[PDB]
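Worksheet: one structure, shown below.
There are 2 protein chains.
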Amino acid sequence: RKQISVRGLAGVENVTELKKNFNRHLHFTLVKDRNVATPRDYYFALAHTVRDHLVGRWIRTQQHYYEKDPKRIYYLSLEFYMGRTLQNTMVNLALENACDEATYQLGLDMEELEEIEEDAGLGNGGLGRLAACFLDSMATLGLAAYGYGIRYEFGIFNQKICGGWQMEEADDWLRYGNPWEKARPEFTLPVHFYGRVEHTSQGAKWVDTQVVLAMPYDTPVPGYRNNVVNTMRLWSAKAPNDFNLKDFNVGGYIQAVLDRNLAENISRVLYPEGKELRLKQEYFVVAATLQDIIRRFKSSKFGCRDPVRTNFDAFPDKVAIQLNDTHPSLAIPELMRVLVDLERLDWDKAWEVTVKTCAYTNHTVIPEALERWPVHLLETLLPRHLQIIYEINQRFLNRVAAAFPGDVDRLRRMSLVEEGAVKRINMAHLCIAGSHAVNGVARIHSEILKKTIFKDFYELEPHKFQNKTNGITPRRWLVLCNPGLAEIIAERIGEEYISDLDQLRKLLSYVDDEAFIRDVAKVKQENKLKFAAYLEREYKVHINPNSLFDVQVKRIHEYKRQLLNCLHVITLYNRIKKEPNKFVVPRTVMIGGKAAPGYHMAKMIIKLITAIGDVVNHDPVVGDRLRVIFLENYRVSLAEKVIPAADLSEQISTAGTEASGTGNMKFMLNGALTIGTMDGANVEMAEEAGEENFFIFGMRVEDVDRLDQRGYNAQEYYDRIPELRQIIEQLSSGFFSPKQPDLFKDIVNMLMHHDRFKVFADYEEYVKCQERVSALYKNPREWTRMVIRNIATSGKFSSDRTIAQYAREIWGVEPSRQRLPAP
Amino acid sequence: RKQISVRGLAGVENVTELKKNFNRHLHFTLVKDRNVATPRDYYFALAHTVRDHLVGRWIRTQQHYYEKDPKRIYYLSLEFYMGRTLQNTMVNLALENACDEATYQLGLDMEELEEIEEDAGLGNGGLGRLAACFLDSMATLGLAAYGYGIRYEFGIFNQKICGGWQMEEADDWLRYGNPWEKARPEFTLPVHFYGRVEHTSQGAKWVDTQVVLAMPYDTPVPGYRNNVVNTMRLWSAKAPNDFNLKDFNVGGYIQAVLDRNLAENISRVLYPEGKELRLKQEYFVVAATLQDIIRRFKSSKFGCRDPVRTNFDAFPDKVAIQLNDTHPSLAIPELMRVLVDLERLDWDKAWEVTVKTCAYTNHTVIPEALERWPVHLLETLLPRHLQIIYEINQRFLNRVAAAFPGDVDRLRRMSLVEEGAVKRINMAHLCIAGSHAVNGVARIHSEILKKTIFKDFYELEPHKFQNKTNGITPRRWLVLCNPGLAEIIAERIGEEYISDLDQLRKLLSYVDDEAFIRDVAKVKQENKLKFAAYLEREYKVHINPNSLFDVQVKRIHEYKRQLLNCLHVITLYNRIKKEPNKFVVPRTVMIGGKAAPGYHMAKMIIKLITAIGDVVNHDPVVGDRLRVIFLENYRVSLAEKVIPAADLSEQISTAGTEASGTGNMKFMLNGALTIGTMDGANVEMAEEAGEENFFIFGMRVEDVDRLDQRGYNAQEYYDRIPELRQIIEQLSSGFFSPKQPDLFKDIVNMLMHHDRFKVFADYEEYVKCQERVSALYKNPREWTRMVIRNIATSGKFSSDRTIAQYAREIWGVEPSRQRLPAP
Ligand SMILES: O=c1[nH]cnc2c1ncn2[C@@H]1O[C@H](COP(=O)(O)O)[C@@H](O)[C@H]1O
Ligand SMILES: O=c1[nH]cnc2c1ncn2[C@@H]1O[C@H](COP(=O)(O)O)[C@@H](O)[C@H]1O
Ligand SMILES: *Cc1c(COP(=O)(O)OP(=O)(O)O)cnc(C)c1O
Ligand SMILES: *Cc1c(COP(=O)(O)OP(=O)(O)O)cnc(C)c1O
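Same order as they appear, the protein sequences are chains A and B. Sequential numbering of the first sequence, starting at 1, is according to my numbering. Sequential numbering of the second sequence, starting at 1001, is according to my numbering.
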C-alpha cells in the first residue's frame, strides 16, 4: 500500500528516457510497430509519452488539494475551445527541447507529428476560446479549478468551400481516439428528465422521470511550469441499455429505440431557437456537475469537517461556480432543489448558500439575444425547477417592493416571468437574482449593462455589477505560436513576462534601438514566409511575401462586416485597373470564419469573397499587387498560424455592436496594426497603446444613434460617392459572376435598401484610413516602431490578470505563481 | 526509424520490475493512485502489467510469421467461449511466480484480484469453448492461426435463481472495459446489406446497398511457453453517423434512427428460428473477415509475390478457411463474389480457389437442426449472393448428373434449394459443395454424417468426409484448474506432458504404487475441501467434503436427461427414509445449466431440481447422507472450479443423441470416473480407458431404434417398477410442491405419455449402475486406482492432437512445438 506510489516513474528532461517511453507506448500502448505505423500512430506514441508526465503532476496536484482543502472553483461553460494540446503541454511542462531531440534521434520530425492532431472539437468561438484561456491562467495562478462541460462527439461542422459556397462537413475528431482524455465509466451519474412532482408530507418529490446518464471524461490542464495540472471534466450522455427485455416497456414495442437516440444526442452536437434539445443540454451539463461538486464538498476532508449538516454554511466558503453567459443558469434552481428537497435546508438557508455560491459572466449587449425558455417547455421536462423559478421569483418581486414601493411597472419589468403570447422565463433575470456578482467583459459593456440592459437590477443591487475585461494567455498566443517574437523579447527583458505580461512595457526603451527594430521586423518576415508557404502547400495561391497581409478572421455575420472589406477590395482592384502604373503598396487580403448553417446572408458573403478572389487573383493587370484569399475552415490551429503572419488586423464592426474581442488582442500582442471602429475591446486597447498608434475610424456609437434617430437613407451615400456607385453596379450586372448575373441580387438590395448596420455610411472614411495604412507600410522603420508600441502595451490583456480580477473581487481567492514541488 | 524497436522493453521474472510496471499502469494508464484505487483498479493494472509481456511476443510471433510466410489459417466461428484470461496468460507466459510474489510485496492478494475478472461473454456453449481450446492448441503448436468472430457487447445472459425459478440478468461484461483488447478504428471496413443487382457488361454490379461499418478489436492468445502469441480478431458494428443532415435522407426525416440501432445490435446480442438479425450477424462476420484475409494475402509479402493478378492461384497455398458449423456459410458465396465481381476471375478459376480454400466442421446429428434460410429473406437482403448460390447449385447438380445419370430423385434430394411451403436454401448443402473436407467431431458422429445425414454427398465425393475427434487443452483444463494433480503427475513423469499429453500413459506404471495412490486421493480431498468451501462462501449449503461428488453440468434439455438423474436422486431419498439405518454411501448430487429462455420444460426442470433439494436437504432422517445442490450460472470460471472436485461425472444423454461432449474429456483428466451411455465422446474414452474402467449403462443406440420400431410405451415400465411408480405419484400429489400440488403436472405427463427420449426405459439399469458406483466408492484404494487408469489414458483428448490432425490432414501444414526465440 504505501509501496504503491507515483514516485520512481520518470527522469524527465532526458532524451534517453523520453526515447525509451516513446518506444514503450508505440508497442505496448498502441500495439503497432515500425513496420506498420503511420504518422497518426507516431503522434499517439509521442502524445502518450508526453501524457505520462502530465498525469504524474495531475496526481500530486489533486492529492495536494485534498490535503490542503482549499476553496474549489468550477468554471461552467457549454463550450471549451481547447484546440490542439501537444506542443502546449511540452511548453508548459518544459519538455519541448527534450521531446524534439529524442524524436529527431529516433529519425522522425516533431513538426510533422504536431500537425496530425485534430483540434479538440468542443467549441465554436469566443465564449469557448476564452474559457480555455482562463483554464491556462487558472492553472498557472496555482488556483484549484475545474472546467465542466458536455463532450461533443461531432464538434461543430468542418468547413469546406465548393464552388466558393460553404459546405458543412462534420467534425469527428474523436475518430482514432483522443490521447489526452481518460474515460471514467465508474463515475457515471443519473440525470433526470420529465417526471411529475408529488408533494409528499415534508417536501415535494420529483417522481416518474426519464433518465439519461452522464458519463465523465477527464482531460488534464497543465500550468506554465508551475507544476500544478487541473481538470477538465466533460460529460457524455448515454442511454440506459436495458431496452431489450429489461423493463417490460420493451419486448412488445421497441419504439423506445427513440429514448436511446434522443438520449445519446445531447452529447452528439454543438448548437451550432427554443429547442427541447438545447434546454436538455443545459440541464444535463448542469445536473451532473452539481452532484460531482457537492460530492467533493462532503468527501474532500469536509466529511470529517462536518460540524453541522456537513454544512452548507461553509459551502460558499469552499466552492465557487461561474456561469459563463446564461447557458448554465439552471445550476441556480438545480442547486436549490438539491439543497431544499434532497438534503433538507429550509428555503432561506439554502438561498443564502446559492446567491453566495453563484457568480455570472455576461457577454451579450442587444437584449434581443438574452436567454429565454417558454414555460410550457419548462413544465414538460423540468416540473420542479419551474416550481422553484416561480418561488425564487415571488420572493424577488416582493424584495423589489420592499425597495421601490408603489412601483408596479418595475415589478412587471424585474420579474423572472415574461408575458405576451407565449409566457417565458427569462434566464438572464434568474442569473442576476440567484447570484452574488455579475460582470460584463469590457468596461463599456459592463457599464452599458448597469446603465441600460440590467439597470433596475443595478438600482436594487448596485454592489453586484462588476466587470472583468477579457484577456488571452501569453503562452498559446505568444510563446507557443510566435516563438520567434518571444525569443527576441526574452533577449532584451528575460522570461518573466510569460507568466506576468505587463512587464512587456519595458520594450518601449528599445523603441528606437535599431537592433530591436531590425529583429521585430525580421521575425515578422519569417512568420509571413512560412504562412505564404502553407498557402500553397495545404490549400493553393501565389502569395507575395512582401505585401501587406491584411486579415479579417471574424464570425461571418452581417454586423461583423466583411461586406465593408469587400467594397474596399473592389475599390483597390478598380483603382489598380483605372491606372495600372500607379504605385500601390501591394496587399494580400485574407478573410476567414464560418457562416452558420442556414444564415443565407452569411452564405452569400462567403460566395462574394470567393468570386472577387477569382477575378482579382486571375486578372493579369493586377500582377501580384492584390489577392483575395478565403482562409477555409478557420479554427484555433489556423488562428495560431495566421495571427503570427498578419500585419493589418481588420477589426471593423458597426460601433456599439461588439462587446469585447479576444482575437483583437491576439493580433496586438503579435505585432500587427489594428484598423477598427471604436468599440468592444478596441477601446481599452487604443487607450493602452495610445490612440495615435491605432487606425481608428468610422462612426462612433453616438453617431450611430443619431443616424438612427434621423434615419439612415443608404441611397444618399450611394448617390454622393462615385466609386461606391460603380462597385454596386458591378455586383449587379454580374461583373463578378458572369454566368449568373443576378447572383448577388440579394446582397445589392440588402445594402441598397435595408442595411441594419451602415456599411455605406462607414465607407468613405474606411478607405481613407486604409490609405493611411498603405502609406505607413511604405516606410518600414516607423511601421515597425508603431508595432513596438502596440506590443509593449499588451499587458492590460493577459488572461492571468483577468483571472486575478476574478480570484480577488469574485471567487474571493488568492492566485499564487508559486511552483508546486512535484514531479 | 530502426532504433524504434521492441528490444529493451522487459526484464521479466523479476519482482522489482513487475512492481515498477504495476505502479506505471495504476497511475499512468489508469490515472488513479492508491488513495482511490479499487480492486477493479488494481485488477486492471495487473492485467496490463502482464499484457505488456504478451504484446511484446505478439510482436515477435507475428513478425516471425510475416518473415517466414506460413500457411495461416482462419478459424471462423460466431461464439468464442473464452472466460478469464489473467492466470491463463501468466501460466502460459511463465510469469505466474514473479507476479504473485510481486503483488504479495505490493500487499495485494492476487487470488482476490483474479476473481474480479468478468467471464468473457463472447460465447455460450460447446461450439464456443471448442473455439477457445482450439485457439490455445494452435498457438502452442505455432500455427499461423487467426480466430475471427463478432464482439458481443452483452455476452449472453447471466442467470440468477429467484425462488427456484431461473431469471436471465444481462452480462454487461464490457462495462469497465476489457484490458486485453486493442481497438483498431483504423481498420474499420464497410459491409453492405440489401441493394439491387445491375447486370452491367463484364459482370453484375451490386448497387444501392445500405452499409454497416465493421470496426475490429484484437486480442492476443499465448502459447504454452513457446513465445508465439496469435490473434483473436473480433468485429463490432458501427452505423455510419452522417445521420443528422448529411445524406439528405434526413433533416426531413431521421426515422432512419432505426438504421443505426438495427446496425448496432448486430454486435450487441448473442443468439441465445429464421430471424433476419441472425442472418445479418452471420453475413456481418464473413464479409469483414474475408476482406482482412484477401487484404493480408495481397499485403503479406505477396503484394511483392504477385506473379499474375497477385494470384489467387496461390491463395489456397496461403489461406485455410475453417467454417465452424453453418453460421459462417456465406463465406463460400462471398469469397466467390469478391473473386468474380470485384477482382475479375471467371467462375471456374474462382470456384477452384474457393473449394480448395474452404473446409467445414459439422456439430449436429439430427437433420432437424441443420440451418436453413427462406429464399425470400436472402433475396431481400443478400440479392446478389442468392444469384451466386443458385449458380453454385446448378453446376453442382450437373456434377451429380454426371455421376448418377438418369437420377431424378437425387438431384432433388441433394440440391441447395429445398421445396415445400416456403422454399428454403439449405446451408449445410452449400458448405459441402464449396468445401474440400467435411468433418465430424467424434468417430460415430462422422460416420453417421457419412452414412445417413449427408450420404448422397458421401457418394459423389467420399474423399471429402473426414473426422477429427475433439479435445480439451491441458493448460487451462489440468494445469490451471488443477495444480495439485499437475504437480504430482510432474514429479513422476516430468513437464513435457503439458505440451505432449499422451505420455500421461507413463502413469500406468504407478497404478499399484501407494505413494501415487495416496497423493492422487489427497489432491482430490484438497479440491473437494476447497469446492466445499466455495459452496458456502459464494453461494451456501453444508456440503460434506467426504461425500461422493456427483456433478452433471450440461445444457438443461430433455435429451440431456437431468430428469433421469432426478428420478435416481428421489430414489436414494426414498430408500434412506424407508430403511433409516442401512449404510448408504453419502453423495452430494450437483446439477447445473442454463435453461434457454423460452424453453418451458427446462424452466420446469430447474424448479424440480431445487425443490427436491428443498425437501431432502432439510429433512432430519437423511442427515448428511444426501444433499442435492443446483450450481447457479454455470460458466467457464465455475467449470475450472467444480471439475477438479467431482468424483462422478454424470454423462447420461439418450444414446444416439450426442455428437461428442467436451466436459466429458475434462472430467476424465482430473480423476473423475464416468457413469454414461455408449454415446458421443463416451465411446472413445471408454475405448481408451477400457470399458472395465468406465460406468457405461442403458440402452445402446441399436436398442433405441428397436424401441422406436415397436413403440416405446412408457406405462409398461411404470407398471413393472414399484420405485418408479412411487416417485411419479410423489411428484403428482404435490409431495415436492405443497403450495401448488398440480405444479409438476406437465413434467409428470410428459414422462408418462410422450417422453421423446425415453427416461423411463433406462431407469432400472441406471440405478443398478449407480449402486456399482457407490460400492466401489466404499473401497478407496480400488476407487482411487480406477481414476489412475483413466487419467493415464487421457492422451487422445488433448486438443493439441485434434489440431495436429486438422493441420496435417485438412489444412496442409506442419505442427511444431518450437520456442520462438523472443521475448
Ligand atoms: O482524500 C484523498 N486523499 C488523497 N488523494 C485523493 C483523495 N481524494 C482524491 N484523491 C486524488 O484526487 C484525484 C481526483 O479526484 P476528484 O476530485 O474526486 O475527481 C484522484 O485521482 C486521486 O489522485
Ligand atoms: O511487412 C511486415 N513486416 C513485418 N512485420 C509486419 C509486416 N506487416 C505486418 N507486420 C506485423 O504484423 C502485425 C499485424 O498486421 P496485420 O496482420 O496486417 O493485421 C503488425 O503488428 C506487425 O508486427
Ligand atoms: C480567439 C478566437 C476567437 C475569438 O474571436 P473574436 O472575439 O475575435 O470574434 P467573434 O468570432 O465575432 O466573437 C474565435 N475563433 C478562434 C479560432 C479564436 O482563436
Ligand atoms: C466444457 C464446457 C462446456 C461444454 O459442455 P458439454 O460439451 O459437456 O455438453 P453440453 O452441456 O450439452 O454442451 C460448456 N460450458 C463450459 C463452462 C464448459 O467448460
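For each residue, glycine too, the CB sits at the ideal point set by N, CA and C.
Pull every residue with its beta-carbon under 5 Å away from any heavy atom of ligand 4, and keep them in chain order. Working through the chain, the matches are B:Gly1125, B:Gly1126, B:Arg1129, B:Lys1554, B:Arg1555, B:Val1636, B:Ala1639, B:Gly1661, B:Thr1662 and B:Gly1663.
Strictly under 9 Å for the Cβ-Cβ distance: is B:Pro1367 near chain A by that measure? Mapped onto the second sequence, residue 1367 of chain B falls at position 367. Not closer than 9 Å to any Cβ of chain A, the Cβ of B:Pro1367 fails to qualify, so no.
If you measure from the CB of B:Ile1059, is any heavy atom of ligand 2 nearer than 8 Å? Here residue 1059 of chain B refers to the residue found at position 59 of the second sequence. Checking every heavy atom of ligand 2 against the Cβ of B:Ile1059, one is found closer than 8 Å.
Please tell me whether, using a cut-off of 8 Å, the distance from the CB of A:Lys641 to the nearest non-hydrogen atom of ligand 3 is below it. The residue you call residue 641 of chain A lines up with position 641 of the first sequence. Every heavy atom of ligand 3 is 8 Å or more from the Cβ of A:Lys641, so no.
Below 8 Å, can you find three or more Cβ-Cβ pairs linking the stretch 1384-1394 of chain B to the stretch 1331-1343 of chain B? These segments touch.
Under 8 Å: does the beta carbon of A:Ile606 sit that close to some heavy atom of ligand 3? Within the first sequence, numbered from 1, the residue matching residue 606 of chain A stands at position 606. Using a cutoff of 8 Å, the CB of A:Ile606 does not count as near ligand 3, since none of the ligand's heavy atoms is closer than that.
If you reduce the DSSP assignment to three classes, tell me which class A:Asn97 lands in. Walking along the first sequence from the start, residue 97 of chain A turns up at place 97. Helix, per DSSP.
Out of B:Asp1755, B:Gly1698, B:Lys1739 and B:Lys1182, which one is the CA nearest neighbour of residue 978 of chain B? With chain B represented from 1001 up to 1823, any question about residue 978 of chain B goes unanswered, as that position is not in the structure.
Within a Cβ cutoff of 8 Å, which residues of the same chain sit near A:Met167, ignoring the five residues on either side of it in sequence? Counting from 1 along the first sequence, the entry for residue 167 of chain A is found at position 167. Counting only Cβ-Cβ distances below 8 Å, and skipping sequence neighbours, we find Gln159, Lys160 and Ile161.
Given that A:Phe28 touches chain B, what residues does it touch there, using C-beta distances under 8 Å? Translated into positions along the first sequence, residue 28 of chain A becomes position 28. For the C-beta of A:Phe28, the chain B residues within less than 8 Å are, from N- to C-terminus, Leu1009, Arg1051, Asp1052, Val1055 and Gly1056.
CB of A:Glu67 to nearest heavy atom of ligand 1: below 8 Å? Here residue 67 of chain A refers to the residue found at position 67 of the first sequence. Remark: the C-beta of A:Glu67 is in contact range of ligand 1, defined as less than 8 Å to any heavy atom.
When Cβ atoms are compared, which residues of the stretch 11-24 of chain A fall closer than 9 Å to chain B? Within the stretch 11-24 of chain A, contact with chain B at the beta-carbon level (separation under 9 Å) is assigned to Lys19, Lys20, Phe22, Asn23 and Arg24.
Cut-off 8 Å between Cβ atoms - residues of its own chain near B:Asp1259, not counting five sequence neighbours on either side: As a position in the second sequence, residue 1259 of chain B is number 259, starting the count at 1. Hits under 8 Å: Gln1210, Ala1239 and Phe1243.
Other residues of its chain near A:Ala521: CB distance less than 6 Å, five sequence neighbours each side excluded: Translated into the one-based positions of the first sequence, residue 521 of chain A becomes position 521. Excluding residues within five positions, the ones whose Cβ falls inside 6 Å are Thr784.
Looking at the structure shown, is B:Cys1304 part of a helix, part of a strand, or coil, going by DSSP? The residue labelled residue 1304 of chain B in the question sits at position 304 within the second sequence. Coil.
If distances are taken between C-alpha atoms only, which option among A:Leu378, A:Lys205, A:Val91 and A:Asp100 comes closest to A:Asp136? On the first sequence, residue 136 of chain A is found 136 positions in, with the first residue counted as 1. For A:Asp136, the nearest C-alpha among the options comes from A:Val91.
I'd like the list of long-range same chain contacts for residue 840 of chain A, defined as Cβ closer than 7 Å, with 5 residues on each side in sequence excluded. Past the boundaries of the shown model lies residue 840 of chain A; chain A is included only from 1 to 823, so the question cannot be answered.
What does DSSP give as the partner residues of A:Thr674 in its beta bridges? Start at 1 with the first residue of the first sequence, and residue 674 of chain A comes out as number 674. Paired residues: A:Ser649.
Taking buried to mean at least 16 other C-beta atoms within 10 Å of its own C-beta, is B:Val1511 buried or exposed? Here residue 1511 of chain B refers to the residue found at position 511 when the second sequence is read from its first residue. Burial call: exposed.
Are there 16 or more other CB atoms within 10 angstroms of the CB of A:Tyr573, so buried, or fewer, so exposed? The sequence position of residue 573 of chain A within the first sequence is 573, counting from 1. With 16 or more Cβ atoms within 10 Å of its Cβ, A:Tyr573 is classed as buried.
The alpha helix (DSSP H) with B:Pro1316 in it runs from where to where? As a position in the second sequence, residue 1316 of chain B is number 316, starting the count at 1. Unbroken alpha helix (DSSP H) run through B:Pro1316: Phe1315 to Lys1318.
Sorry if obvious, but does the Cβ on B:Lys1032 come closer than 8 Å to a heavy atom of ligand 1? The sequence position of residue 1032 of chain B within the second sequence is 32, counting from 1. Answer for B:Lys1032: yes, Cβ within range of ligand 1.
Which of the three DSSP states, helix, strand or coil, is assigned to B:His1436? Counting from one through the second sequence, the residue named residue 1436 of chain B turns up at place 436. DSSP places B:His1436 in coil when its eight states are reduced to three.
CA-to-CA distance, A:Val207 to B:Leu1563, given in whole angstroms: Counting from one through the second sequence, the residue named residue 1563 of chain B turns up at place 563. Counting from one through the first sequence, the residue named residue 207 of chain A turns up at place 207. So the alpha carbons of these two residues sit roughly 48 Å apart.
DSSP-derived helix/strand/coil call for A:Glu181: Here residue 181 of chain A refers to the residue found at position 181 of the first sequence. Three-state DSSP puts A:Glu181 in coil, outside helix and strand.
Using a Cβ-Cβ distance under 9 Å, would B:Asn1244 count as near chain A? Walking along the second sequence from the start, residue 1244 of chain B turns up at place 244. For B:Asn1244, the answer is yes, since a Cβ of chain A falls inside 9 Å of its Cβ.
Using only the alpha-carbon positions, how far apart do A:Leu54 and A:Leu381 sit? For this step, residue 54 of chain A is matched to residue 54 along the first sequence. For this step, residue 381 of chain A is matched to residue 381 along the first sequence. Those two C-alpha atoms are separated by around 41 Å.
Spatially closest choice to A:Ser499 from A:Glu684, A:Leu95, A:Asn527 and A:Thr473, by CA coordinates: Taking the first sequence and counting its residues from 1, the one referred to as residue 499 of chain A is at position 499. Among A:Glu684, A:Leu95, A:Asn527 and A:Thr473, the Cα nearest to that of A:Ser499 is on A:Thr473.
Going by other Cβ atoms of all chains shown within 10 Å of its Cβ, with 16 needed for buried, is A:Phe583 buried or exposed? Looking up residue 583 of chain A in the first sequence gives position 583. With a threshold of 16 other beta carbon atoms within 10 Å, A:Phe583 falls short and is exposed.
Which of the residues in the stretch 177-190 of chain A, read from start to end, lie with their CB under 9 Å from any CB of chain B? From the stretch 177-190 of chain A, only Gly177, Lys182, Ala183, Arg184, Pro185 and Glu186 have a Cβ closer than 9 Å to chain B.
Whether A:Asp52 touches A:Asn21 by CB criterion (9 Å): Stepping through the first sequence from its first residue, residue 52 of chain A is reached at position 52. Stepping through the first sequence from its first residue, residue 21 of chain A is reached at position 21. Contact flag set, yes.
In terms of residues, what are the limits of the beta strand (DSSP E) holding A:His199? Translated into the one-based positions of the first sequence, residue 199 of chain A becomes position 199. Per DSSP, the unbroken beta strand (DSSP E) holding A:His199 starts and ends at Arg196 to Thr200.
Helix, strand or coil: how does DSSP classify A:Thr469 here? Within the first sequence, numbered from 1, the residue matching residue 469 of chain A stands at position 469. Of the three classes helix, strand and coil, the one that applies to A:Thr469 here is coil, per DSSP.
Taking the beta strand (DSSP E) that A:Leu213 belongs to, which residues open and close that run? The residue labelled residue 213 of chain A in the question sits at position 213 within the first sequence. According to the DSSP assignment, A:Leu213 belongs to the beta strand (DSSP E) that extends over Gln210 to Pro222.
Taking B:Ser1300 as the query, report the chain A residues whose CB atoms sit under 9 Å from its CB, ordered along the chain. Locating residue 1300 of chain B in the second sequence gives position 300, counting from the first residue. What B:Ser1300 touches in chain A: nothing, since even the nearest Cβ is about 12 Å away.
Please return the same chain residues whose Cβ sits closer than 6 Å to the Cβ of residue 1826 of chain B, not counting the five positions on each side in sequence. The shown model of chain B, from 1001 to 1823, leaves out residue 1826 of chain B, and the question about it has no answer.
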